[PDB]
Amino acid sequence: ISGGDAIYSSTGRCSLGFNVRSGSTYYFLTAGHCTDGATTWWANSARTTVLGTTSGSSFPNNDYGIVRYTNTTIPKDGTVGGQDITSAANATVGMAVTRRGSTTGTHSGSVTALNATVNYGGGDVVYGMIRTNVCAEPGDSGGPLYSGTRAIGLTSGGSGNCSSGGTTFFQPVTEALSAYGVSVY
């Protein structure tokens, strides 16, 4: 299972952002809105293949969560789809980026702004977000935003759609890596 693949919780479906690790312990990052109130994660809709359990969740304010892998045999690729990821980097205005998610697959665009505030309602406000002209649709939450072999962000939310074009906001991945003491591989 790699970046961009579907993940299921008891409530719905999200996308795996990046596989990360710390020492010998493997986890994956996804969106905090997806980890909030989820405990166990599975790799299929039938919930027959277990992935792991939520170890941390930060949403609103930020929008990242991490899950610790309990499944010992599933392959944990350090890629996004077939794309290798070797480091994390900070977004910059004009940067060419690509998103991959479980509903729409792979789409590309660029960063149009940094440190944006997105207000999802009822007090769910997120700060510090990367804005882009990449589309995204329901199911795509928590998938990766990358550039080449560099990990950049995690899908949080947005407007519009892939048919007509849209705007998507991503949580900087660096902040999550640092929060949990984990790293990409």
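Sequential numbering from 1, following the sequence displayed.
Averaged over CA atoms, B-factors in the entry run higher in 72-80 than in the other of 72-80 and 86-94.
Taking only CA atoms, the mean B-factor in the PDB entry is higher for 112-120 than for the other of 55-63 and 112-120.
Across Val134, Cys34, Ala46, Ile152, the greatest Cα temperature factor reported in the deposited entry is at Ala46. Within the listed group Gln171, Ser24, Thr168, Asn161, the record reports its top CA B-factor for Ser24. Sort the modelled residues of the chain by CA B factor and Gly143 lands in the lowest third.
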